[PDB]
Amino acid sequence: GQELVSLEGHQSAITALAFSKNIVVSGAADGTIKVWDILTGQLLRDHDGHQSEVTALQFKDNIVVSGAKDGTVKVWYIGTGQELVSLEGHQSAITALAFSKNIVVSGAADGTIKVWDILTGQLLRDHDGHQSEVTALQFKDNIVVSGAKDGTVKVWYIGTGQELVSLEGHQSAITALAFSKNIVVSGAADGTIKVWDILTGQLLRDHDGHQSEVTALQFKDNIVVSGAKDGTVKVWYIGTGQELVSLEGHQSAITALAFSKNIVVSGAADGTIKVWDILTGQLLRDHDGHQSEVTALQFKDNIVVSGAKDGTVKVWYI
């Protein structure tokens, strides 16, 4: 249960992290994107990247979509780093990326949401979306669910361009959300969690949460993992709001979360990285992973990839 490989990382803070198969894609605040080999620890290449801070990364199959602070959205081949198609991108900072099938949905800090076709790069839908910075973006089955810094949550159907239903949203900035079937679940920075009906719009469940000022959220099935500034990492049920397991959490602000099967990984602002099993509540591992705030976590098949504010990228084994 140690590190699998040693990666050099970046010369500036890690701001985006993606992990697929045995390849890690990392973006830094200086615009640099690096492609790593998890099996050999060597970097595949230095991507020419963006001239601005990489803000989001999407890595699916062999195609990675990267957005930056200058509004560019690039689609390129993981094997060569070569641009596959040119997207016009947004005029404001890219703040959210979603990637499903051959469609890319990008959110911006001005509230705009654009829908691209990675086959032609043509702009499919370019709506104003929100009057606030888009903070969350989930896209599945030609349905886009977006959240914003003002607490608004919207549901669009790609192609039609209009909204399917209207949701009351939250009184606080959206931190994460998810959706499937009849249910849209969203979480705001004030700890509230709201479960919506994708066709009715009714607030089916409205919980105030068990923390004040949550920083990270994660949804897997009907279970929420919430990290807060006071260091508390909590696991509770979407249906009733009852807590499902007691974890001690960190003594520093939670800045990153990861959730896969029965294992929750949390990063804190002091660099510590703890790993629990959600069933037994037992701390599988705790480590001072980085000397700086953990800013991104990726977890696939008992492998934890972590990014930090000093630019270090590390690969852990469960």
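Sequential numbering from 1, following the sequence displayed.
Look at the mean CA B-factor for 155 to 163 and for 91 to 99 in the entry; the higher one is 155 to 163. A summary of the deposited B-factors shows that, of 249 to 257 and 274 to 282, the stretch with the larger mean C-alpha value is 274 to 282. In the PDB entry, the Cα temperature factor peaks, among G111, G227, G209, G71, at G209.
The PDB entry assigns its highest CA temperature factor, among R205, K220, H170, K149, to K220. Among the modelled residues of its chain, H290 has a C-alpha B-factor that falls in the lowest third according to the deposited record.
Among the modelled residues of the chain, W196 sits in the highest third by CA temperature factor in this PDB entry. Ranked by C-alpha B-factor against the other modelled residues of its chain, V184 falls in the middle third. Among the modelled residues of its chain, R125 has a C-alpha B-factor that falls in the middle third, as given in the PDB entry. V35: CA B factor in the middle third of modelled residues in this chain (values from the PDB entry).
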